[PDB]
Amino acid sequence: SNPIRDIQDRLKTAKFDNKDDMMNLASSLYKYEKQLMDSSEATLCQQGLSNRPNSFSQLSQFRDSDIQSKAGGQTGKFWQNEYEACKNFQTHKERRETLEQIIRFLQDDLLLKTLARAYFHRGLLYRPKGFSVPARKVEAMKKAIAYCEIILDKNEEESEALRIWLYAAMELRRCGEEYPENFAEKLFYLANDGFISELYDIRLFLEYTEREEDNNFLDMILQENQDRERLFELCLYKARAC
Amino acid sequence: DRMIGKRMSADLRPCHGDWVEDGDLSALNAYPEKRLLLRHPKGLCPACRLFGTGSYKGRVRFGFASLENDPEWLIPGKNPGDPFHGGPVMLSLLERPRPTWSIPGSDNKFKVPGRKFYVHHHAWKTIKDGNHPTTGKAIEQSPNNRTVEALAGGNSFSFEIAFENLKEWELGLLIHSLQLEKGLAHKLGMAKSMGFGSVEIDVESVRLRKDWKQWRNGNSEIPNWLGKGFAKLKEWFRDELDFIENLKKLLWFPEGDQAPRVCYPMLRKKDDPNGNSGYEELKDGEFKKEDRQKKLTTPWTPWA
Amino acid sequence: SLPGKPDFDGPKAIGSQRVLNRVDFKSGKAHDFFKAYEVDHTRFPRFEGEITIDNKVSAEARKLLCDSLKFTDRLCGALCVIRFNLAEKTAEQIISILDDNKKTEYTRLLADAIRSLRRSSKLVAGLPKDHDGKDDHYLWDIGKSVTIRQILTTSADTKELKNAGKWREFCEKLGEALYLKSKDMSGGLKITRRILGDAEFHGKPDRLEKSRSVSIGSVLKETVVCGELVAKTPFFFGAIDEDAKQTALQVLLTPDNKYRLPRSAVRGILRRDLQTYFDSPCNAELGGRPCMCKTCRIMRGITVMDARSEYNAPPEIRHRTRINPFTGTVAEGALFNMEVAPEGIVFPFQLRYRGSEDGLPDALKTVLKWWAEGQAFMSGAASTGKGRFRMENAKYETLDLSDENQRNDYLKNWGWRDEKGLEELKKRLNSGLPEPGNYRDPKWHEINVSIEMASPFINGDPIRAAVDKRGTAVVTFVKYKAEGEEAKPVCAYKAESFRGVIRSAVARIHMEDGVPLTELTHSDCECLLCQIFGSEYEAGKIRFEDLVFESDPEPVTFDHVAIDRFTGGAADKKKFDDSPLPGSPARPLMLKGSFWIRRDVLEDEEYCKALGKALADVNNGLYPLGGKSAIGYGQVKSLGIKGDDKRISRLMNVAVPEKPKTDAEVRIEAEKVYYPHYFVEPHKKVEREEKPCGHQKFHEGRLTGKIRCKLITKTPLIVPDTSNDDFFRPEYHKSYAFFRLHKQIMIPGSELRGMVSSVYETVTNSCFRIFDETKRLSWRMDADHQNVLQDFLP
RNA sequence: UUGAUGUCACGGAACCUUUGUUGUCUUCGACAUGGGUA
RNA sequence: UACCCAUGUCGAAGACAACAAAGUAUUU
Ligand SMILES: [Zn+2]
Ligand SMILES: [Zn+2]
Ligand SMILES: [Zn+2]
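Residue numbers (UniProt numbering), protein chains in the order written: chain R, 2 to 108, 117 to 251; chain U, 1298 to 1601; chain Y, 154 to 237, 260 to 319, 326 to 834, 842 to 918, 929 to 992.
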């Protein structure tokens, strides 16, 4: 891999006002540290960085607290996006490694939201076997809820945090746990938003339909686009709506 | 204005070294990439690859040497009934080297001149007679000088070197650095500048691990390894191997009843009953600043 | 309730929360865990209450109630009977001294060293002096106002701290405070969290379970077994105090600092060994009707006492590290330390079994025989030799509780389960154990090891070096054995280090699908290294103990110095020394010990072949023991094993050319005088490689072996013995003998390494390996108007 | 500070993996100090 | 704001750099 060389290339290009530059620099430095912690074969690289005063000045500027902490959330969000794109081309082992890399890197509302979504997706990988659910599935969903509640304690209108909280609450119910408290109130806020962001939301608006006995949002579902991979699941939601 | 690391080419500085560039490197103390500012951009030189560094274990092991025969001492012991202890010899003052002599001034003209080596000579005969190497006056006890028990010439030792994952050219140049050539010697131990410590090494045997259950005699392959070593030096440096020649001239052992006189000057010629110049006279005569680094880097250049 | 209903600040005022785990039988690794508070009975032995009875209740109901209360023998998880300041001030002062004198870099070392003083206040008088025998040591005389040495001497002489327990408490609190101050300098105390698997798991009972009536019969007997469990190795029952950060791995202790053998561990080990006997794992989950497998039915009759030791000295602290196989150096972050309990501690042991069979079931008789033969492997860290016990002085008898006379006698005495009743019951127990019928051999076998070294040896401990009177930079490992309440020191080679060496020897010469076993990650892996030595997913099948030295040698100290390649003198701060154990060809060091190997490994010819190959290479001298083998320490003369029936040990078994004549010419003039030294000017080009040869295997095409050499003196040689600078006595005039080891004239390996390294550096045109880069030169001005003095202005 | 016709929690080993290790010749010569006289 | 030197004495280095805990599959 030679991650030291990658750090040189980024340090040549990078300027501190530019998101992509800092995203790339943070990514390269994290990969270097990861290879050290793994005792990888890349640890045989004994070389250092060239142009020492320039490299020192640029690294010293990057490691400013606000610069690196800013870059952290953006790198996490970029990885989370690229995961949710390539999720269905990956095998289980490498889906797992991707998500756990995101979690370890991120361990600001952008960071918390990204970490909550990463924990939600890590939990989805576990599947029940026989009449037993893995404990780590419940653990992951509870940690997602815990992260979501930092945002919602100070901004109850935040749609993404609210939706992640509601998804995790529905998975808790699926595992045979109870709903967490104030599920009804938060599920009522979601209906005050009233728009489908992703396929999971269709299952929330049906829960709202069955609870408040309100039919307004069913026409959104019946008009949803058919160009989806999990067509059978969408058709099952269509049947419930009808 | 400069730290001494800036008075030599950056290529000859240690591979894994200290921060000499202008700045306060402690600003990155919390993060792993700080180490990359302390390492050469192109990696490890041969001696670092063979003998190792703080971040890379070495590939050779040096064992203790043991004397083979009954000792032959420089001076007979106080009790003639005991041959296993020798008598004392008193050395003249041992003082620290001064780099300000080799680097005469703040002018950027003056570099680090090179690697120090001590020459071979017999001033130990004067010390055995109890006299100072330069002045010839009797040495006196002081809190600052030493008395030692010293072996004579002709004592023999044996020791072993273990090695692992060497290239053939590496083993060839290691054998070359051990045995040298007939007419050359190493220096070892205390008081090298007073003529003590000339030693010669000879290989007795090389054995090789073929695998976990077979070892084999390697004596037959020694010439091939030496050939590859010298071919490697040609590949790196082509014809311009002058540093080898200067090294050999400093490793040369005087033979044929030759008797070089080797000593440091006195501080002033009035202090020397032989009548040669001291440092205070030399520093504006032969070893004047514009001439000093050339004379010091030319083997066996006389000062008087 | 407690009598008088007193109040406390909270649960932590009365007890400690401890993790209790569940171990998967086949992998040997924990599946999950839960937590509870434990409250010690010596602090809170008693609760009191009332039963209120209506007058119309019959006499027979009253009799049944009273007999039931006497028969009830356990509640809230405990066997029972039913009847009817300085350290803060010192830390602040020492921190002020350190920061006033700009010596804060030593905070961590001081914190660890002061913690080490907790075992005896007399150690304060023993703290090292400087090399001149004077109070200017670089740690203890900082501040030379008062010094640290004076602060500690005053504290040790404070009458409140004269009690050993108070001194231990003082040292521990002070060490923790200095540790936390040292952590601030590194950016604060921060510890990496686990991604997932960090939550407790509680068993869920089943509410749809069906009701059953079961007879079990009137035949019912109780067997009592009494004895001792004796520590034949050091042992480790892990338990972390969350408020104690300084130590990474910690031992379980009572509140008054006695060592504890907990009930939970003993039950877990009994269940494990019973499944080993029957040779069938139990698969049952928590909750639902009780499991009916043969192990669970026995465990439902068993009772065991929680036990503690009379011995209460502080634990040892062991250093531990991990080596990166590619570079041959410590891996990033892999330095940690461990508390260990000494061998020789004795625990009371009492077991009881209730059942309808005529005695102990045959499986339990076999397991107790295994324990009596010294294969009670009870504690954690088994792979590195911790936790082997022998059951000693066993006695037993069976009481028949179907007999009404016996049963009334039993009820009258609460089953003889209190201290006084126990001392009566012991008068009627019979010596020995009941012999098993269907006996099965123990699953582990002992291999005896003996190693011979013809060189010095060190297994370094710098913290012990910081407090020992001798005052070198590093000294060798020692450990302590308990006798009564006395502690005796023994020089040893750590079990962990020896395991590491053997594991490396095995891994470097085997492959899986053409990849060395050193390079694998070992996820979903079935390689022989996982099979023998274990992994992060399953326990290993070979257990290494510490090795001890025969005939108790005494350490020797050697001096060292690094030489600047330009000046030819001592490099600025790099003068140092060590204290290895002396070993030589005439008087070699002898190491003895043993390791335990599971019998299914000895039965497998392939695994035996692998171990044999590795120990053959250790016997050949390719793997030195301990540190600093670059300068000649740790060299194995031979290694031999006994006990395998030769299943492992079956595998363990042209003149040099003339040197050329030199071409060098030097011409000497008889009247001239020459300088004692000259400088070799290097070539401009240094040849570097970004990625040197890795240590993780013997690479094909490269060479490995030994060079044997002859050295001859041409002029007189001085190699001094600097351990004594006054040898020729009839600041003073110093004098030295020639270097000797066990009265043999020798040259150290470090001298030869440095000598040859200088010439090799010059021949290959290498960098100046040793060189004082950061020195700043300066020169005197001269009395010269034009060139100097007219440029300096007021 | 329980609630009562129903508690196998003595129903659960803080267990598992990690080499206090890597690098270093007990060496060795010119240097200190600040004026003085017109 | 030009010129000129004068005196002979003396031990140094005594550990430094790195790591300071990290990991611990539930499945096409
Ligand atoms: Zn180098
Ligand atoms: Zn069972
Ligand atoms: Zn494996």
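Heads up, the beta-carbon is just placed ideally off N, CA and C, and yes, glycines get one too.
Completely contained alpha helix (DSSP H) runs for the UniProt region "Disordered" (1563-1601) of chain U, where each covers 4 or more residues: 1576-1579 and 1586-1593
Reduced DSSP category for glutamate 573/Y - H, G, I as helix; E, B as strand; rest coil: Stepping through the third sequence from its first residue, residue 573/Y is reached at position 392. Correct three-state label for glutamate 573/Y: strand.
Proximity test, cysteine 87/R beta-carbon vs ligand 4 heavy atom, cut-off 7 Å: Ligand 4 is absent from the structure shown, which contains only ligand 1, ligand 2 and ligand 3.
Three-state secondary structure (DSSP) of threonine 502/Y: Within the third sequence, numbered from 1, the residue matching residue 502/Y stands at position 321. The answer is strand: DSSP assigns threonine 502/Y an E or B state.
Check: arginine 967/Y C-beta below 7 Å from any heavy atom of ligand 1: Position 769 of the third sequence, counted from the first residue, corresponds to residue 967/Y. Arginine 967/Y: yes, Cβ under 7 Å from ligand 1.
Minimum Cβ-Cβ distance from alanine 178/R to chain Y less than 8 Å: In the first sequence, residue 178/R corresponds to position 169, counting from 1. Closer than 8 Å: no.
Residues near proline 643/Y by beta carbon distance below 6 Å, same chain, minus five either side: As a first step, residue 643/Y must be located in the third sequence, where it is residue number 462. Here the set comprises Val655.
Delimiting residues of the alpha helix (DSSP H) encompassing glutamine 331/Y: The sequence position of residue 331/Y within the third sequence is 150, counting from 1. That run of the alpha helix (DSSP H) goes 329-337.
Alpha carbon of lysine 624/Y to alpha carbon of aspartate 727/Y, nearest angstrom: Stepping through the third sequence from its first residue, residue 624/Y is reached at position 443. Stepping through the third sequence from its first residue, residue 727/Y is reached at position 546. C-alpha separation (whole angstroms): 21 Å.
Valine 299/Y and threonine 334/Y closer than 8 Å at C-beta: Sequence index remark: in the third sequence, residue 299/Y carries index 124 (1-based). Sequence index remark: in the third sequence, residue 334/Y carries index 153 (1-based). Cβ atoms of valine 299/Y and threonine 334/Y: closer than 8 Å.
Host alpha helix (DSSP H) of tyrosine 458/Y (start-end): As a first step, residue 458/Y must be located in the third sequence, where it is residue number 277. 444-459 is the span of the alpha helix (DSSP H), which, as asked, contains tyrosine 458/Y.
Against chain U: residues of the region 33-61 of chain R by CB proximity under 7 Å: Residues passing the 7 Å Cβ filter: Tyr33, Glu34, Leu37, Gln47, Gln48, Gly49, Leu50, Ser51, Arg53, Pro54, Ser56, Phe57, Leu60 and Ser61.
CB of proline 495/Y within 8 Å of CB of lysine 662/Y, strictly: Here residue 495/Y refers to the residue found at position 314 of the third sequence. Here residue 662/Y refers to the residue found at position 481 of the third sequence. No, the pair does not count as a contact, with Cβ atoms beyond the cut-off.
Chain Y contact residues for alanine 144/R, given Cβ-Cβ distances below 9 Å: Within the first sequence, numbered from 1, the residue matching residue 144/R stands at position 135. Chain Y residues near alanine 144/R: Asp185, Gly378, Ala380 and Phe382.
Coarse secondary structure for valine 172/Y, derived from DSSP in three states: Along the third sequence, read from residue 1 onward, the residue named residue 172/Y stands at position 19. Reduced to three states, the DSSP call for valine 172/Y is strand.
Sequence-distant residues of the same chain with beta carbon closer than 7 Å to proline 769/Y, five excluded per side: As a working mapping, residue 769/Y is identified with position 588 in the third sequence. Non-local C-beta neighbours of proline 769/Y in its own chain, meaning closer than 7 Å and more than five positions away in sequence, comprise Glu633, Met634, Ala635 and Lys818, ordered along the chain.
Interface positions of the region 351-381 of chain Y facing chain U (Cβ-Cβ less than 8 Å), listed along the chain: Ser367 and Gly368
Contact set between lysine 1525/U and chain Y, taken where Cβ atoms lie within less than 9 Å: The residue labelled residue 1525/U in the question sits at position 228 within the second sequence. None at all; the shortest Cβ gap to chain Y is about 11 Å.
Interface residues of chain U facing residue 836/Y [CB-CB closer than 7 Å]: Any question about the placement of residue 836/Y has no answer from these coordinates, since chain Y jumps from 834 to 842.
Short CB-CB distance (under 8 Å) between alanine 512/Y and chain U: For the purposes of this step, residue 512/Y is identified with residue 331 of the third sequence, where counting begins at 1. It does not: the Cβ of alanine 512/Y has no partner Cβ on chain U nearer than 8 Å.
Under the three-state DSSP convention, the category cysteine 965/Y falls into: Along the third sequence, one-based indexing puts residue 965/Y at 767. Reduced to three states, the DSSP call for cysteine 965/Y is coil.
Presumed contact (8 Å Cβ cut-off) between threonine 547/Y and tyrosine 620/Y, rounded CB distance: As a working note, residue 547/Y is residue 366 in the third sequence. As a working note, residue 620/Y is residue 439 in the third sequence. In this structure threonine 547/Y is in contact with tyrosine 620/Y, their Cβ atoms being roughly 6 Å apart against a cut-off of 8 Å.
Neighbourhood of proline 615/Y by C-beta, 8 Å cutoff - its chain only, sequence neighbours within 5 removed: Counted from its first residue, the third sequence places residue 615/Y at position 434. Around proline 615/Y: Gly540, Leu541, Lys546 and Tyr577.
Proximity below 8 Å, CB of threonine 476/Y to CB of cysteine 463/Y: As a first step, residue 476/Y is located in the third sequence; it is residue number 295 there, counting from the start. As a first step, residue 463/Y is located in the third sequence; it is residue number 282 there, counting from the start. Their beta carbons are under 8 Å apart, which means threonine 476/Y touches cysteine 463/Y by this criterion.
Enclosing alpha helix (DSSP H) for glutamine 62/R [first to last residue]: Along the first sequence, read from residue 1 onward, the residue named residue 62/R stands at position 61. It spans 53-63 - the alpha helix (DSSP H) in which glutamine 62/R sits, taken as one unbroken run.
Strand pairing of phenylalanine 638/Y, partner residues [DSSP]: Mapped onto the third sequence, residue 638/Y falls at position 457. In the DSSP output, where bridge partners are listed per residue, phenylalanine 638/Y has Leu762/Y.
Top-ranked residue by Cα proximity to residue 269/R, from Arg1336/U, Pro1368/U, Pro1343/U and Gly1451/U: Past the edges of chain R, shown from 2 to 251, lies residue 269/R, and the structure says nothing about it.
Sub-8 Å separation of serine 51/R and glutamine 9/R beta-carbons: Counting from 1 along the first sequence, the entry for residue 51/R is found at position 50. Counting from 1 along the first sequence, the entry for residue 9/R is found at position 8. Result yes, Cβ atoms of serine 51/R and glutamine 9/R sit closer than 8 Å.
Within 8 Å, strictly: CB atoms of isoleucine 376/Y and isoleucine 104/R: Locating residue 376/Y in the third sequence gives position 195, counting from the first residue. Locating residue 104/R in the first sequence gives position 103, counting from the first residue. In contact: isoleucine 376/Y and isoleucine 104/R (Cβ atoms closer than 8 Å).
Buried/exposed call for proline 870/Y, threshold 16 Cβ in 10 Å: Residue mapping note: residue 870/Y aligns to position 682 of the third sequence, counting from 1. Around the beta carbon of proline 870/Y, 16 or more other beta carbons lie within 10 angstroms, which makes this residue buried.
Same chain, Cβ closer than 8 Å to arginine 97/R, five either side skipped, listed in chain order: Taking the first sequence and counting its residues from 1, the one referred to as residue 97/R is at position 96. By the criterion of a C-beta distance shorter than 8 Å, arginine 97/R is surrounded in its chain by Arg131 and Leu134, once the five residues flanking it on both sides are discounted.
Any non-hydrogen atom of ligand 2 within 7 Å of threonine 476/Y CB: Taking the first residue of the third sequence as position 1, residue 476/Y is located at position 295. At least one heavy atom of ligand 2 is nearer than 7 Å to the Cβ of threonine 476/Y, so yes.
Partner residues on chain R for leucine 1341/U, Cβ-Cβ distance less than 8 Å: Taking the first residue of the second sequence as position 1, residue 1341/U is located at position 44. The contacting residues are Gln47.
Whole-angstrom distance between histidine 93/R and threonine 579/Y, CA atom to CA atom: The count along the third sequence starts at 1 and reaches residue 579/Y at position 398. The count along the first sequence starts at 1 and reaches residue 93/R at position 92. About 58 Å.
Ordered list of alpha helix (DSSP H) runs contained in the region 1438-1489 of chain U, each at least 4 residues: 1465-1476
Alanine 231/Y, buried or exposed, once every other Cβ within 10 Å from all chains shown has been counted against 16: Working through the third sequence from its first residue, we reach residue 231/Y at position 78. It is exposed - the Cβ of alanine 231/Y has fewer than 16 other Cβ atoms within 10 Å.
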